[PDB]
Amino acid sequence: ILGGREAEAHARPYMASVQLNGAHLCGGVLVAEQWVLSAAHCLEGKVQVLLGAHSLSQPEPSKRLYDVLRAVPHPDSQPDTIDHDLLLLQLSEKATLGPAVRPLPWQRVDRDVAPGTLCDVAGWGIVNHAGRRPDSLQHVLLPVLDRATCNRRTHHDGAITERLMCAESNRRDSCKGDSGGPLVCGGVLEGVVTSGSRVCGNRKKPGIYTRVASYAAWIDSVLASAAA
């Protein structure tokens, strides 16, 4: 997260660190007891999910590391597009829920968030252009950018479909290692960070977030199959 501030420890109990070979790779969102939503591109080694965390390194009573039983990318995702960039991770077991570990309700009403609304995006991604990595979770409030603006040639040139939303990227933004994490509006998950342009913090290249409401059937069906 660029231009943000330290999160309150454990105040966003859905926040997950998706880890590869023991190192923070991408954010994720706990969406049910045994499932974390993240971004497919992140998994383009040993994948694990750290729940209950604030600091990546320091001892905390709620911190618990989970192995991943199955990684389920969206079936229409592809390495060369930004579309359908969602990933469902099934934990080795049901997470131990508590004040610090709780799923986040996600939006099922398929309607755009009003442009200009500030939504909250959190992560352990880089915090400056030098690539410095934070030990503790950061977050930032970003304004939703209207799709008609975001699709202009100078910005994302038509790539913002109805299943995507944009937020302003003027200095404040999501960045490397934030993909997969949440864009939360009014307390409900609206977006999942995707990497868009690799450029962060440049107003000319807004942040892109996958709209969860567009993917309700997929999430419901993956979870229902596993529950059979």
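The first residue of the shown sequence is 1; numbering continues from there. So that the term is clear: the rigid core is the largest set of C-alpha atoms that superpose within 1.5 Å between two forms.
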Report the stretch with the higher root mean square CA deviation, pooled over structures and residues in 6 other deposited structures of this protein, choosing between 27-35 and 192-200 after a rigid core fit. 192-200
Can you count, per the entry, how many deposited residues between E44 and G45 come without coordinates? Answer none, 1 to 3, 4 to 9, or 10 or more. 4 to 9
Give the stretch, out of 164-172 and 195-203, with the larger mean C-alpha temperature factor in the deposited entry. 195-203
Mean temperature factor over C-alpha atoms, higher-scoring stretch between 136-144 and 70-78: 70-78
Tell me which of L89, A122, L118, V109 tops the list for C-alpha B factor in the record. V109
Per the entry's values, where does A213 land by CA temperature factor relative to the rest of its chain, in the lowest, middle or highest third? middle
Using the B-factor values recorded in the entry, state whether the Cα atom of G28 falls in the lowest, middle or highest third among the modelled residues of its chain. lowest
Is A95 in the lowest, middle or highest third of its chain when residues are ranked by C-alpha B-factor? highest
Please say which third, lowest, middle or highest, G186 falls into when its CA temperature factor is compared across its chain. highest
Chain thirds of CA B-factor: placement of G131: middle
